[PDB]
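Single-structure report; data block below.
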Amino acid sequence: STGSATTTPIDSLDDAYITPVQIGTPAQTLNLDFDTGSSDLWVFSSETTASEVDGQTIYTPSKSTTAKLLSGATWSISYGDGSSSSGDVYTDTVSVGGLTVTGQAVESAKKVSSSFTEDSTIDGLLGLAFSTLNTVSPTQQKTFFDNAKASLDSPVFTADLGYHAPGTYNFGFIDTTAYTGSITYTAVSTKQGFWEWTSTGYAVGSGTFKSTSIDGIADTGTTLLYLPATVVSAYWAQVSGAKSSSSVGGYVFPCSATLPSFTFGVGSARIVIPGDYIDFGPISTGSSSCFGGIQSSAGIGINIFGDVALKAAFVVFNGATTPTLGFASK
């Protein structure tokens with residue numbers, strides 16, 4: 001089997017991407033944030049505290065003939081950005097782009113933090129990291145990909161995120177028309193439950209490539225590119241007037257700037273992030289200070305290849321017995 005679904009930016013900045021997902025019988029379609037940095041599929045629901053719902057589409061398990069309470073199971077998750085959610089669990093039928101999993105754990109939120117409430121466009125998350133990070137207790141549950149894997153034509157999914165445009169998540173096949181040149185594969189460590197890999201270095205603009213190992217995670221659920229302070233300083237030093245602002249919470253730059261590109265290494269291959277991808281616009285409405293898309297990972301504890309980086313590539317998440325990651329230009 002295979003699946004193919006379009007993923008769409010939630011706003012003009014590509015802050016996140018939503019993908020329609022069919023849950024239950026008859027289908028209830030919710031728009032979920034596919035997140036390769038977590039491993040829970042959770043949704044706004046009929047059980048979500050009413051004051052914490054503001055415009056989201058909810059899953060109502062009582063209206064699904066295939067829903068079953070997973071008795072005694074609870075979940076609770078906290079994300080890197082400080083947001084959180086928790087609740088109980090149903091199993092139900094879940095389909096993505098024509099690919100169907102029966103008995104998928106669908107984690108129903110009883111509580112969500114303010115950032116989720118305030119984002120009316122995201123109806124929940126669909127985790128695509130390794131199932132070892134799944135938070136369901138006392139019986140840990142599998143991700144949608146883990147459940148689908150044995151039925152897939154090939155045990156892979158791909159992320160093809162657009163810059164200010166829709167893109168695609170495919171399951172079970174590699175679309176050879178969706179990228180240019182060849183795909184370069186690189187080793188993955190699953191020790192922390194993430195799609196963790198080591199980039200071979202970077203360049204700023206037309207500058208020389210610096211060969212240096214940068215361990216980090218491929219994370220579709222993180223907006224920005226978070227790298228070591230040395231690398232980030234080297235990038236922003238090439239933008240006149242750019243500075244790190246503790247008051248704003250990272251590097252800002254004059255909105256009048258033309259940003260240089262940023263290249264990262266994948267083995268001997270190179271992925272080029274155009275300068276425009278690194279512009280996240282005014283810090284507040286009408287400001288001439290703009291927020292940077294490359295930020296320091298210092299104090300996160302891990303480097304994160306988020307959407308800013310991933311959307312410059314066609315990315316293969318290879319879930320074979322020994323997982324790997326592939327990157328191609330597009």
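Residue numbers (the deposited numbering): 1 to 330.
Even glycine gets a Cβ: it sits at the ideal position worked out from N, Cα and C.
Alpha carbon to alpha carbon, how far is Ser131 from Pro138? Give it in angstroms, no decimals. For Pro138 and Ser131, the distance between alpha carbons rounds to 14 Å.
So, is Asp35 buried or exposed, given that buried needs 16 or more other C-beta atoms within 10 angstroms? Within 10 angstroms of the beta-carbon of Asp35 lie 16 or more other beta-carbons, which makes it buried.
Mind reading off the beta-carbon distance from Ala129 to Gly193? Whole number of angstroms is fine, and I expect it under 8 Å. 6 Å between Cβ atoms; contact.
Going by DSSP in three states, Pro9 sits in which element: helix, strand or coil? Strand, per DSSP.
Beta-carbon separation of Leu152 and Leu41 under 8 Å? Judged by their CB atoms, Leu152 and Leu41 are not nearer to each other than the 8 Å cut-off.
Please classify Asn134: does DSSP put it in a helix, a strand, or coil? In the structure shown, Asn134 sits in coil (DSSP, three-state: anything other than H, G, I, E or B).
Would you report the Cα separation of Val252 and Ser84, rounded to the nearest angstrom? Going from the Cα of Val252 to the Cα of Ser84 covers about 27 Å.
Would you report the Cα separation of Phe280 and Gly293, rounded to the nearest angstrom? Cα to Cα, the separation comes out at about 6 Å.
Taking 6 Å as the limit between beta carbons, can you name the residues of its chain near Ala229, skipping five residues before and five after? Taken in chain order, the residues that qualify are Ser296, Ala298.
For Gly275, the three-state DSSP class (helix, strand or coil): Assigned with DSSP and collapsed to three states, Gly275 falls in helix.
Which two residues bound the contiguous beta strand (DSSP E) that contains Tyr79? Under the DSSP assignment, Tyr79 falls outside any beta strand (DSSP E); it carries neither an H nor an E label.
I need the boundaries of the beta strand (DSSP E) containing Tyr235, first residue and last residue. Counting along the chain, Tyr235 falls outside any beta strand (DSSP E), though it belongs to the alpha helix (DSSP H) covering 229 to 236.
Within the same chain, show all residues whose beta-carbon is closer than 6 Å to that of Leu224, passing over the 5 residues directly before and after it, in chain order. Shown here for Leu224: same chain residues with a beta carbon closer than 6 Å to its own, the five before and five after excluded, namely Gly293, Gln295, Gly306, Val308 in chain order.
Please say whether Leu325 and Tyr202 have beta carbons closer to each other than 8 Å? With contacts defined by Cβ atoms closer than 8 Å, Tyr202 and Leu325 do not form a contacting pair.
First and last residue of the alpha helix (DSSP H) that includes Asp146? First-last of the alpha helix (DSSP H) with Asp146: 144 to 148.
Relative to the C-alpha of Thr158, which residue among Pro20, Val315, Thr322 is closest? Looking from the CA of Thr158, the closest CA among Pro20, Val315, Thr322 belongs to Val315.
With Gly221 and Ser38 assumed to form a contact (beta carbons below 8 Å), what rounded beta-carbon distance in angstroms separates them? Going by Cβ atoms, the distance from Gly221 to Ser38 rounds to 6 Å, so yes, they are a contact pair.
Classify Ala309 as helix, strand or coil using the three-state DSSP reduction. If DSSP states are grouped into helix, strand and coil, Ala309 belongs with the helices.
When the Cα of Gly250 is compared with those of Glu52, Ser46, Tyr226, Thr177, which residue comes out closest? Of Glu52, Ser46, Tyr226, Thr177, the smallest CA-CA separation from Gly250 is found for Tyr226.
Should the region 159 to 175 be called in touch with the region 65 to 77, which here means at least 3 C-beta pairs below 8 Å? Contact fails: fewer than three Cβ-Cβ distances are below 8 Å.
Looking only at C-alpha atoms, which of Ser114, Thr102, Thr93 sits nearest to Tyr79? Answer by Cα proximity: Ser114.
To the nearest whole angstrom, what separates the beta carbons of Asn303 and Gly216, a pair I think is in contact under 8 Å? Correct: roughly 3 Å between the Cβ atoms.
Where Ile183 falls, given that 16 or more other Cβ within 10 Å makes a residue buried: Burial state of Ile183 is buried, judged by a 10 Å Cβ sphere holding 16 or more other Cβ atoms.
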